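Values in this text are rule-based calculations from the coordinates and carry no lab data. With ideal geometry, Cβ positions are generated from the backbone for all residues, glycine too; neighbour counts draw on all protein chains shown.
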Amino acid sequence: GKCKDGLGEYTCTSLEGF
Amino acid sequence: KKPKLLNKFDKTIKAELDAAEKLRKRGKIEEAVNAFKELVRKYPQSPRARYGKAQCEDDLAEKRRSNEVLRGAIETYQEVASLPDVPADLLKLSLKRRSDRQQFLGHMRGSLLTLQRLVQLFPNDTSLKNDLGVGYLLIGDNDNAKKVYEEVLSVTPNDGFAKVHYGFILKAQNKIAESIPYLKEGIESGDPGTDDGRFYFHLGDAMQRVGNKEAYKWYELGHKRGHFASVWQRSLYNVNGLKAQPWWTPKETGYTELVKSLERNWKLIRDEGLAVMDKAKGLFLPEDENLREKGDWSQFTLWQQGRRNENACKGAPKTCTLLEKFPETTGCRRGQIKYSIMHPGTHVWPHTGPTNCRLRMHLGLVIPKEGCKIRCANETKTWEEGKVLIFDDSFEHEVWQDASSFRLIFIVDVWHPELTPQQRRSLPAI
Ligand SMILES: O=C(O)CC[C@H](O)C(=O)O
Ligand SMILES: [Mn+2]
């Protein structure tokens with residue numbers, strides 16, 4: 001689930017460490 | 001309290017274990033790695049020696065900023081838990097750090113597996129249940145997250161962390177009134193993990209949706225506590241420093257050639273969108289972020305996260321060809337390019353986008369003479385056919401549709417103009 005127009009997901013990015 | 005990390009055998013080699021740990025604390029990481037590798041070779045069942053090996057790899061990944069080294073550490077932390085006679089404190093530290101580093105690397109499903117194991121091994125530790133709930137939230141499994149926080153609250157009903165997360169979950173399910181007491185009480189608890197922008201953001205938003213005039217008190221306190229650039233600009237994925245204003249002119253953005261292309265070719269953009277409406281209406285998807293109070297609103301997306309939807313572009317081929325000349329939008333991995341259709345009787349709730357890293361252009365395509373308007377911050381404006389409006393959707397904005405026929409616009413997101421080329425290449429996609 002992605003944050004497109006709003007801020008509704010718990011996190012909006014995917015992390016990849018350093 | 002003083003954690004107990006040494007089983008019966010490890011106490012008999014505490015001297016060697018201490019010497020190795022001393023090398024690690026002094027920053028002599030390569031010497032410490034070798035010392036703990038010698039201890040592991042010599043004492044292959046030692047959990048404290050194995051933990052030292054893992055902590056050394058972890059420190060080494062930090063020093064080298066190497067994901068590869070950190071994956072090694074993650075497997076060694078699991079090895080610790082695989083050994084005989086592991087003291088409970090050490091078992092918990094090793095698997096907790098494992099999960100934390102998996103999350104840091106983005107291995108959310110692997111982190112979830114470790115958290116499930118932690119809760120099985122330590123069933124009275126409420127903190128670990130809270131952490132498990134986060135693991136579920138991070139893979140998008142709100143149903144199981146909700147059950148976890150319900151269990152937590154049924155044992156420790158004043159747990160603030162569990163309150164704010166339960167409230168978040170409720171609000172995301174559109175249980176707006178119900179979420180308010182949980183979010184409010186959890187923030188007010190001041191418990192660790194409750195002072196988080198997400199919870200101020202959604203508490204304020206829920207209050208606005210129910211007509212509670214205290215919402216801006218929470219926005220004020222979230223600004224004061226550093227989560228929001230201001231009470232009106234409440235994005236949470238930000239590059240600090242970027243020029244902040246709700247409305248921009250084309251020249252203010254520097255993207256004058258893009259604006260010229262959109263306005264000069266607007267009827268072409270319009271007509272491809274109308275053709276999709278007429279013959280391929282299923283390419284328009286209903287808005288699905290719970291942003292509507294009422295009404296019908298759908299979008300037909302050509303780019304998202306800087307990636308072209310090839311099938312979508314078959315429906316608007318000349319528009320996609322036109323846009324390919326403008327990497328400031330087609331490569332904006334924190335925005336979209338999409339048609340948006342809104343019908344009469346629509347009210348879009350006040351809301352903010354996620355990031356201050358984009359500006360949003362709107363090209364008017366089919367604009368009824370009366371009834372359609374958009375507010376951003378305190379200024380309200382109308383669309384015009386063949387004209388672009390530009391606004392920073394990280395500022396609170398609101399939309400109304402009360403015409404007698406549909407309203408079609410074209411939405412083109414651009415990188416905030418002050419972002420450097422390396423910033424535009426590196427920022428995580430949103
Ligand atoms: O009015 C529309 O169709 C889009 C409103 C939406 O909230 C946006 O940020 O562009
Ligand atoms: Mn919006």
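Per-structure values
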| read-out | value |
| --- | --- |
| Separation between Cα centres of the stretch B:123-164 and the stretch B:249-289, rounded to whole Å | 43 |
| Shielding by partners - mean other protein chain Cβ count within 10 Å, residues of B:197-210 | 1 |
| Distance (nanometres) between label positions extended 7 Å along Cα→Cβ at residue B:271 and residue B:347 | 3.9 |
| Partner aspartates and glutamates for residue B:2 [C-alpha distance under 16 Å; skip if fewer than 8 residues away on the same chain] | B:18, B:89 |
| The protein assembly as shown - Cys residues lacking any other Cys C-beta under 4.7 Å | B:56, B:332, B:357, B:372, B:376 |
| Ranking of B:137, B:23 by count of other Cβ atoms within 10 Å, fewest first | B:23, B:137 |
| Under Karplus coefficients 6.51, -1.76 and 1.60, residue-wise ³J(HN,Hα) of the stretch B:355-367 in Hz, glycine/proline x | 9, 7, 8, 10, 10, 10, 8, 10, 9, x, 10, 9, 10 |
| Net dipole in debye of the stretch B:8-225 [+1 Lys, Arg Cβ; -1 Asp, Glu Cβ; about Cα centre; nearest 20] | 500 |
| Shielding by other protein chains, B:387-399, mean Cβ within 10 Å | 0 |
| Assigned charges on the beta-carbon of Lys, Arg, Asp, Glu; the stretch B:247-426 dipole about Cα centre (debye) | 560 |
| Chain B: angle of helix B:47-64 to the longest principal axis, Cα-based, in degrees nearest 10 | 40 |
| Centre separation in Å (Cα based) which lies between the stretch B:332-377 and the stretch B:29-107 | 49 |
| Charge dipole (debye, nearest 20) of the protein assembly as shown; +1 at Cβ of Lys and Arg, -1 at Cβ of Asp and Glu | 1080 |
| Virtual spin-label span in nm between residue B:378 and residue B:210, 7 Å along Cα→Cβ | 2.9 |
| Protection proxy ranking of B:284-294, B:204-214 - average other beta-carbon atoms within 10 Å, highest first | B:204-214, B:284-294 |
| Which listed pairs, of B:260/B:325; B:63/B:224; B:224/B:294, have C-alpha distances above 23 Å, in listed order | B:63/B:224; B:224/B:294 |
| Furthest towards positive pole of dipole, B:219, B:144, B:391, structure part the protein assembly as shown, Cβ charges | B:144 |
| Fully extended contour minus Cα-Cα distance, from residue B:79 to residue B:34, at 0.36 nm per residue | 14.5 nm |
| Sum of -39500 (n - 2.57) over DSSP H runs of 4+, divided by residues of chain B (222 nm, nearest 500) | -16000 deg cm²/dmol |
| Extension reserve of the residue B:113-residue B:62 stretch, reckoned as 0.36 nm per residue once the Cα distance is removed | 16.0 nm |
